[PDB]
């Protein structure tokens, strides 16, 4: 029970967000500590799967990954107490007021952090499976941390159609290279300031496009830099695709150029 904590020490306040397997509250830890707690409503998931993804980070831990803390599970509901990121998902943030407020300097600074923590998991020999702006929370100080790890692996984690790679979608080949592919779609997600990959289309008519070597055109503005340091990630040939460190690294060099 190492990672064990008694109830009554958790006081739920704000509702934050929810899904098809529970919700996320803004509670307190023995008061004095802003904390988010993952719900998990019975008959929806389980109690080992919710306590399954709780072990992943229960052993991942890095400065770029919303790290655990403690769990609360000795009688429904089941809890997963982790770091709090006032700002919320990077997707919403960039769509909010101050979101579009900032510019490249900070934007370029983001893909860098995702790329960094991403380079981490690449070492730990893992895969996120759902790496998209929605899964990245922002620190109350504008720091980038990779959240969620339900689909994380070393029976299916793919859902993010408009992010998954042709291989893992075509032949079920999810690999670090799958996430690389995803970093481009994620990059595209910030320069446009939160637009959905391949607008107008339906994740249903996306399966296709690929088959036919379809890729989105450079973004209306974004410097070739990121755009080409974007085509890197989309190299159909899983191989041709860079490794994070590289991205991570190149996202630093071609960065300062900005500031």
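Residue numbers count along the first chain shown, from 1.
- Missing coordinates between residue 154 and residue 155 amount to 4 to 9 residues of the deposited sequence.
- Mean C-alpha B-factor is higher over 201-209 than over the other stretch, the pair under comparison being 201-209 and 228-236.
- Comparing the deposited coordinates for 107-115 and 182-190, the stretch with the larger average C-alpha B-factor is 107-115.
- Each of 41, 195, 215, 67 has a CA temperature factor in the record; the biggest one is found at 41.
- In this PDB entry, the Cα temperature factor of residue 243 sits in the bottom third of its chain's modelled residues, the lowest group.
- Annotation for residue 172: C-alpha temperature factor in the lowest third relative to the rest of the modelled chain, per the entry.
- Residue 166 sits in the lowest third of its chain by CA B factor, as recorded in the PDB entry.
- Residue 140 sits in the middle third of its chain by CA B factor, as recorded in the PDB entry.
- In this PDB entry, the Cα temperature factor of residue 122 sits in the middle third of its chain's modelled residues.
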